[PDB]
Amino acid sequence: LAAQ
Amino acid sequence: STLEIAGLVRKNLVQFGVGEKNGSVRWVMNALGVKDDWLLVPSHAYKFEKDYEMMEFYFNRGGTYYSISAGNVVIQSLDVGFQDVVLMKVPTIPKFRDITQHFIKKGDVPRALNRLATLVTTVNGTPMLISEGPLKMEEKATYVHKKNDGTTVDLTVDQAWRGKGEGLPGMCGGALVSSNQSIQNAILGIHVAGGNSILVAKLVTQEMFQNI
Ligand SMILES: *C[C@H](NC(=O)OCc1ccccc1)C(=O)O
(Lines give C-alpha, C1' and ligand atoms only; values in the text may rest on other atoms or scores of the structure.)
Protein backbone atom coordinates (compact mmCIF):
# COMPACT_ATOMS: atom_id res chain seq x y z
CA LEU A 1 0.00 0.00 0.00
CA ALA A 2 1.09 3.55 -0.82
CA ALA A 3 -0.31 6.81 0.55
CA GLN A 4 -2.65 8.10 -2.14
CA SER B 1 -29.04 6.58 -1.65
CA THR B 2 -25.31 6.27 -2.28
CA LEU B 3 -25.58 8.87 -5.05
CA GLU B 4 -27.27 11.47 -2.83
CA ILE B 5 -24.66 11.03 -0.07
CA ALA B 6 -22.07 11.29 -2.85
CA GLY B 7 -23.52 14.66 -3.88
CA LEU B 8 -23.20 15.98 -0.31
CA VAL B 9 -19.62 14.78 -0.15
CA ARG B 10 -18.81 16.28 -3.57
CA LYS B 11 -20.04 19.71 -2.50
CA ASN B 12 -17.82 19.67 0.59
CA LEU B 13 -14.63 18.37 -1.05
CA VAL B 14 -11.89 20.91 -1.63
CA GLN B 15 -8.41 20.59 -3.06
CA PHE B 16 -5.61 20.90 -0.52
CA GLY B 17 -2.26 22.37 -1.51
CA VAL B 18 0.93 23.46 0.18
CA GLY B 19 3.43 26.09 -0.84
CA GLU B 20 6.19 28.33 0.42
CA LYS B 21 5.30 31.99 0.91
CA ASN B 22 5.57 33.66 -2.55
CA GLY B 23 6.04 30.27 -4.28
CA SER B 24 4.13 27.81 -6.45
CA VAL B 25 1.33 25.76 -4.89
CA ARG B 26 1.75 21.99 -4.85
CA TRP B 27 -1.76 20.51 -5.06
CA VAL B 28 -1.58 17.31 -3.03
CA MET B 29 -4.99 15.73 -2.39
CA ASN B 30 -8.55 16.39 -1.20
CA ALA B 31 -9.86 17.66 2.13
CA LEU B 32 -13.47 17.22 3.23
CA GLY B 33 -15.40 20.00 4.96
CA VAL B 34 -17.55 18.50 7.73
CA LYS B 35 -19.02 21.42 9.75
CA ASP B 36 -18.46 25.17 10.17
CA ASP B 37 -14.80 25.83 9.24
CA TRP B 38 -13.60 22.31 10.08
CA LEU B 39 -12.25 19.83 7.53
CA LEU B 40 -10.93 16.29 7.59
CA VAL B 41 -7.57 15.93 5.89
CA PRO B 42 -4.83 13.27 5.92
CA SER B 43 -1.98 14.85 7.89
CA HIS B 44 0.54 12.93 5.78
CA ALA B 45 -0.18 15.65 3.19
CA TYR B 46 2.05 18.06 5.13
CA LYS B 47 3.43 16.80 8.47
CA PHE B 48 6.51 14.95 7.19
CA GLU B 49 8.04 17.83 5.27
CA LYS B 50 10.52 20.29 6.80
CA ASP B 51 9.14 23.41 8.54
CA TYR B 52 5.49 22.76 7.63
CA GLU B 53 4.25 25.57 9.90
CA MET B 54 6.10 28.17 7.85
CA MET B 55 4.31 27.01 4.69
CA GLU B 56 1.07 28.35 3.28
CA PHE B 57 -1.89 25.99 3.03
CA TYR B 58 -4.26 26.39 0.10
CA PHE B 59 -7.86 25.33 -0.27
CA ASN B 60 -9.41 25.29 -3.72
CA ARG B 61 -13.18 25.44 -3.59
CA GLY B 62 -14.32 25.09 -7.20
CA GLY B 63 -11.83 27.60 -8.59
CA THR B 64 -12.04 30.04 -5.68
CA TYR B 65 -8.87 29.84 -3.63
CA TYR B 66 -8.39 30.32 0.10
CA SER B 67 -5.00 30.39 1.71
CA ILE B 68 -3.68 30.62 5.23
CA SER B 69 -0.44 30.24 7.11
CA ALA B 70 -0.07 26.67 8.34
CA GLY B 71 0.56 28.19 11.81
CA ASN B 72 -2.98 29.63 11.77
CA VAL B 73 -4.94 26.41 11.19
CA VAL B 74 -5.99 24.50 14.31
CA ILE B 75 -5.29 20.77 14.09
CA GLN B 76 -7.27 18.36 16.31
CA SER B 77 -6.79 14.60 16.60
CA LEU B 78 -9.58 12.10 15.87
CA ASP B 79 -8.50 9.81 18.72
CA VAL B 80 -5.41 8.87 20.76
CA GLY B 81 -2.28 8.04 18.76
CA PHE B 82 -1.53 8.64 15.10
CA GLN B 83 -4.56 8.29 12.85
CA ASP B 84 -3.24 10.26 9.83
CA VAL B 85 -6.57 11.94 9.20
CA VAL B 86 -7.00 15.00 11.42
CA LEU B 87 -9.63 17.67 11.97
CA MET B 88 -8.40 21.07 10.75
CA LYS B 89 -10.02 24.43 11.49
CA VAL B 90 -9.41 26.94 8.69
CA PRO B 91 -10.63 30.42 9.70
CA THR B 92 -10.55 31.75 6.11
CA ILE B 93 -12.69 29.00 4.55
CA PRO B 94 -16.39 29.61 3.86
CA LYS B 95 -18.66 27.70 6.28
CA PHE B 96 -19.47 24.15 5.18
CA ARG B 97 -22.80 22.37 5.16
CA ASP B 98 -22.80 20.22 8.32
CA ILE B 99 -22.48 16.63 7.08
CA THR B 100 -21.39 15.11 10.41
CA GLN B 101 -24.75 13.32 10.91
CA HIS B 102 -24.11 11.36 7.70
CA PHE B 103 -21.05 9.66 9.15
CA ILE B 104 -21.35 6.16 10.58
CA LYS B 105 -21.91 5.70 14.32
CA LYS B 106 -19.22 3.56 16.00
CA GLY B 107 -21.89 1.01 17.03
CA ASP B 108 -23.05 0.60 13.41
CA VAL B 109 -19.62 -0.30 12.00
CA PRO B 110 -20.45 -4.04 11.68
CA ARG B 111 -23.34 -3.12 9.36
CA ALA B 112 -20.95 -1.83 6.66
CA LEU B 113 -18.69 -4.93 6.68
CA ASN B 114 -18.91 -7.46 3.80
CA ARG B 115 -20.83 -4.95 1.66
CA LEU B 116 -19.84 -2.82 -1.31
CA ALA B 117 -18.94 0.82 -0.93
CA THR B 118 -18.14 3.80 -3.13
CA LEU B 119 -15.17 6.09 -2.79
CA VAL B 120 -16.39 9.59 -3.51
CA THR B 121 -13.33 11.61 -4.37
CA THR B 122 -11.57 13.74 -6.98
CA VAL B 123 -8.31 13.86 -8.79
CA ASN B 124 -7.41 17.57 -8.57
CA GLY B 125 -11.04 18.55 -8.51
CA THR B 126 -12.43 16.21 -11.15
CA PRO B 127 -15.09 14.17 -9.33
CA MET B 128 -14.91 10.40 -9.43
CA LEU B 129 -16.93 7.51 -8.05
CA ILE B 130 -14.71 4.51 -7.35
CA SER B 131 -16.29 1.14 -6.67
CA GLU B 132 -14.91 -0.78 -3.69
CA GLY B 133 -15.50 -4.48 -3.18
CA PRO B 134 -16.95 -5.98 -0.01
CA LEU B 135 -15.36 -4.18 2.91
CA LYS B 136 -13.25 -5.53 5.70
CA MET B 137 -11.89 -3.75 8.76
CA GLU B 138 -8.21 -3.97 9.64
CA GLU B 139 -7.53 -3.21 13.27
CA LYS B 140 -4.14 -1.86 12.18
CA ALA B 141 -3.23 -0.78 8.64
CA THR B 142 0.25 0.14 7.41
CA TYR B 143 1.13 2.04 4.23
CA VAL B 144 4.11 3.77 2.64
CA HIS B 145 4.16 7.53 2.13
CA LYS B 146 6.59 8.94 -0.43
CA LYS B 147 7.82 12.38 0.58
CA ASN B 148 8.79 15.18 -1.84
CA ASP B 149 12.52 14.30 -1.77
CA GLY B 150 11.88 10.62 -2.56
CA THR B 151 12.48 9.08 0.88
CA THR B 152 9.67 7.03 2.43
CA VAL B 153 7.94 6.65 5.79
CA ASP B 154 5.81 3.77 7.02
CA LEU B 155 2.51 4.94 8.51
CA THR B 156 0.28 2.84 10.74
CA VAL B 157 -3.29 3.69 11.76
CA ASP B 158 -6.01 2.05 13.84
CA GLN B 159 -9.28 0.87 12.29
CA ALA B 160 -9.04 1.21 8.54
CA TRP B 161 -11.45 -0.10 5.97
CA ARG B 162 -10.00 -2.27 3.21
CA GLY B 163 -11.76 -2.91 -0.08
CA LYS B 164 -10.84 -4.19 -3.52
CA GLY B 165 -10.55 -1.36 -6.00
CA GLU B 166 -8.45 0.79 -8.28
CA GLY B 167 -7.26 4.18 -7.09
CA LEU B 168 -4.99 6.93 -8.34
CA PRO B 169 -2.63 9.51 -6.86
CA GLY B 170 -4.60 12.47 -5.57
CA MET B 171 -7.67 10.52 -4.42
CA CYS B 172 -6.66 10.69 -0.74
CA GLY B 173 -9.03 12.76 1.38
CA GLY B 174 -12.09 11.50 -0.50
CA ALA B 175 -14.93 9.88 1.48
CA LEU B 176 -15.86 6.20 1.57
CA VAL B 177 -19.66 5.74 1.39
CA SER B 178 -21.42 2.50 2.32
CA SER B 179 -23.78 0.80 -0.15
CA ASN B 180 -25.91 -0.17 2.86
CA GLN B 181 -29.16 1.79 2.63
CA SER B 182 -30.30 0.54 6.04
CA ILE B 183 -27.62 2.75 7.64
CA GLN B 184 -28.53 5.53 5.19
CA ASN B 185 -25.44 4.90 3.06
CA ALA B 186 -23.26 6.25 5.86
CA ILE B 187 -19.93 7.94 5.25
CA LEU B 188 -17.42 5.42 6.65
CA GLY B 189 -14.20 7.39 6.61
CA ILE B 190 -11.49 9.01 4.55
CA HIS B 191 -9.34 7.50 1.83
CA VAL B 192 -5.65 7.36 2.82
CA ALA B 193 -3.88 4.67 0.75
CA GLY B 194 -4.07 2.26 -2.15
CA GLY B 195 -2.02 -0.35 -3.94
CA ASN B 196 -2.18 -3.89 -5.34
CA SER B 197 -5.88 -3.35 -6.19
CA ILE B 198 -6.78 -2.51 -2.59
CA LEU B 199 -8.10 0.75 -1.18
CA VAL B 200 -7.68 1.87 2.42
CA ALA B 201 -9.79 4.40 4.32
CA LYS B 202 -9.37 5.51 7.93
CA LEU B 203 -12.56 4.91 9.91
CA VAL B 204 -14.21 8.16 10.94
CA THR B 205 -17.27 7.92 13.17
CA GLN B 206 -19.84 10.48 14.29
CA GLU B 207 -18.45 10.23 17.81
CA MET B 208 -15.04 11.47 16.64
CA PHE B 209 -16.49 14.91 15.88
CA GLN B 210 -16.93 15.39 19.65
CA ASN B 211 -13.24 16.36 19.54
CA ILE B 212 -14.76 19.68 18.28
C1 LIG C 1 -27.73 15.23 5.18
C2 LIG C 1 -28.25 15.98 6.43
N3 LIG C 1 -29.11 15.09 7.18
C4 LIG C 1 -29.16 15.11 8.51
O5 LIG C 1 -28.47 15.84 9.22
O6 LIG C 1 -30.11 14.20 9.11
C7 LIG C 1 -30.52 14.37 10.46
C8 LIG C 1 -31.91 13.81 10.60
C9 LIG C 1 -32.72 13.63 9.47
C10 LIG C 1 -34.01 13.12 9.62
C11 LIG C 1 -34.48 12.79 10.89
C12 LIG C 1 -33.68 12.97 12.02
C13 LIG C 1 -32.39 13.48 11.87
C14 LIG C 1 -28.94 17.29 6.10
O15 LIG C 1 -28.34 18.11 5.38
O16 LIG C 1 -30.09 17.54 6.58
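Just so it is clear: chains get the letters A, B, ... in the order the sequence lines come, proteins before strands, and each one is counted from 1. Indexing begins at 1, ligand by ligand and atom by atom, following the structure's order. Because only heavy atoms are used, hydrogens play no part in the values below, and waters and symmetry mates are left out as well, while side chains stay in.
The protein residues lying under 4.0 angstrom from ligand 1, judged by non-hydrogen atoms, are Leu8(B), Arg97(B), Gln101(B), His102(B).
Under the 4.0 Å criterion applied to side-chain N and carboxylate O atoms, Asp37(B) and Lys89(B) are assigned as salt-bridge partners.
Pairs engaging residues 153-167 of chain B under the salt bridge (charged side-chain N to carboxylate O under 4.0 Å, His left out) rule: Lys140(B)-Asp158(B) [sequence neighbours left out].
Between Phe57(B) and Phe16(B), a ring centre-to-centre spacing shorter than 6.0 Å is recorded.
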Would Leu87(B) and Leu39(B) count as a side chain to side chain contact (heavy atoms under 4.5 Å, CB included) here? Give the steps.
CA-CA 6 Å; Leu87(B) 282 157; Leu39(B) 306 89; over 6 Å; no

For side chain to side chain contact (heavy atoms under 4.5 Å, CB included), just list the numbers for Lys146(B) and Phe48(B), CA-CA rounded to whole Å, side-chain angles, deciding distance to a tenth of an Å, and then say yes or no.
CA-CA 10 Å; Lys146(B) 190 183 286 177; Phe48(B) 302 104; over 6 Å; no

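Side-chain polar atoms of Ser179(B) and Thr2(B) form no donor-acceptor pair below 3.5 angstrom.
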